[PDB]
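Data block below; observations after.
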Amino acid sequence: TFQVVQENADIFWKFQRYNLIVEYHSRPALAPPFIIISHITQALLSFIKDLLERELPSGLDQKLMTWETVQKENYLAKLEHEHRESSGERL
Amino acid sequence: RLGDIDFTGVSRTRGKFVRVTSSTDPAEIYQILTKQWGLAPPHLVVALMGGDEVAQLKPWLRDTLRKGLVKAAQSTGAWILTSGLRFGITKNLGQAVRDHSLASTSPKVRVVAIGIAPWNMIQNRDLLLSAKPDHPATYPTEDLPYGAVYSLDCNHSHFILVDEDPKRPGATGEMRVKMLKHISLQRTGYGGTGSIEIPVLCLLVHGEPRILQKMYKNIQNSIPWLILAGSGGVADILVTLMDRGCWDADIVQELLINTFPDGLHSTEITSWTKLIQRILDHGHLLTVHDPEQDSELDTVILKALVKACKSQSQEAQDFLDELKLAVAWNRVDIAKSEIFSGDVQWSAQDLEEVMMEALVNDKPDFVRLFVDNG
Amino acid sequence: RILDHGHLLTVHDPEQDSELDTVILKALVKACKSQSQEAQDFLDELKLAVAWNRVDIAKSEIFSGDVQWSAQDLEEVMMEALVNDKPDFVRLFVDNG
């Protein structure tokens, strides 16, 4: 079971690590039992009033979309070229 | 008459322009391009001489041509001289140029699409007539039909708006020819130490018989021409004549009649026949690009340039610019097959500068070739 | 007199070709091409080629230089290729206007 599972376990660990880091993003920086100070501060701020999942300006967003399209075209061209130069296709 | 344009629409972009008359010296416009607008002297100039006809290229051939041109140009800093009007092959070529510019992670090498457009073809010219230096003129982008008036393409970075000459209705063509000739006599670098003569090259895409005089004038100015195999207009005539091997007056007249049934004028037909015969008389400045067969525009460009240079002379120093351009494109096979084939003697002093260029730019194949060649 | 026509005659060699659909499509497109050059005339042969996934035959015969193709002409055939799950013909029509 160890031999068969370890490789999938590593990928599952990375996938879970994403969610754990996302959770740690919004977690207050004060560990319990101190955390009550941060909770009171958050409640007071909510009553009175992210590095991940950011929103970009229109120009930069369009630039990144065009860059993604160019990279996709390059990737597809590379796949097609590797298909043409394959031994079976040449045969 | 200097101003800036702030295109408004799907994509907001800023573009410069300058109004100019057909009697001006092209040296002034080249100087303003190099200095006022900060454009570095190009390492390659590709001028489009078609695509304004009603019939347009198929999307597959259009995409193949734009991809080939952009891929060839992106190695160095190249200029693409087109009529800066949002229509036909020019619109999509400018779109491809801007797409490459946005996705270019290296801004040191820049592909610039210069627009030489007649002032009579501009839609909403009064909108840009303001051209306040402090506040750039606002211009709306509209995809007009064929008609006779077009809108300035937003994807073209710089524009050359030429006024129509009262003498003849060919001011824009004369300006294009003069500008190509003037650019062909410049140095690609800032200083004339490690700089080549700027390679000016023309591309023909479904030409009309009206542009035959301008094409022959350009050929007289000794600048190579590239002909698309499947363009459709005069380009088809030229590729068929190349496939024939020889040209006859009856043959060229028959092909011109078949390809352009609408134009039936005895004087015009005779003039076009003579122009085509004189164009084919050169030949070495003509080269056919078949995207269905080759699809490697850089290779064909290099072959045309080296063919023109070889026809010009046999001296090693003359071949130097073509060899340097081949170095800049990693075309070691083309260089070995054409430049370093028996005819041209090569001394170490001649090859020292090209060795420096190949060594600095990380071209191991050319380093091996030069070490093996003296 | 039969051989005088010729374009309506087509040879099927099962030892060589053994692809009857391809030969049928070739004969029909040959007859249509001999009949006329208009795009609307080629429409039925193009639709039949769509129905048989003969993208190679269509590209080699119908979409080869001679016949002009407008978007309005190709809209119905685009619909037919898109509904019937013919990705090759979708690619061909998108690439052809």
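For chain B, we keep the numbers from Swiss-Prot: what you see runs 16-389, in order.
This entry, so its header tells us, was determined using electron microscopy, 2.8 Å.
Positions of Cβ are set from backbone N, Cα and C atoms, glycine also.
What Swiss-Prot says about this protein:
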type: BINDING; residues: B:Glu212, B:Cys324, B:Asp333, B:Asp336, B:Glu337; note: Ca(2+) 1 binding site
type: MOD_RES; residues: B:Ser121; note: phosphoserine
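Proximity to chain C (Cβ-Cβ distance under 8 Å) holds for none of the binding-site residues B:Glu212, B:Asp333, B:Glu337. B:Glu337 (Ca(2+) 1 binding site) is surrounded by 24 other CB atoms, counting those within 10 A of its CB over all protein chains shown.
Counting in whole angstrom, B:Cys324 (Ca(2+) 1 binding site) lies 31 from B:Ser121 (phosphoserine) by their C-alpha atoms. Fewest other C-beta atoms within 10 Å: among the recorded positions B:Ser121, B:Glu212, B:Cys324, B:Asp333, that description fits B:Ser121. Listed in chain order, the extra residues whose Cβ falls within 8 Å of the Cβ center of the Ca(2+) 1 site residues B:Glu212, B:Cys324, B:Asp333, B:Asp336, B:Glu337 are B:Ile211, B:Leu320, B:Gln327, B:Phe334, B:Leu335, B:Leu338. Rounded to the nearest whole angstrom, the C-alpha distance between B:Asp333 (Ca(2+) 1 binding site) and B:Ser121 (phosphoserine) is 31. All protein chains included, B:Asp336 (Ca(2+) 1 binding site) registers 18 other Cβ atoms within 10 Å of its own Cβ.
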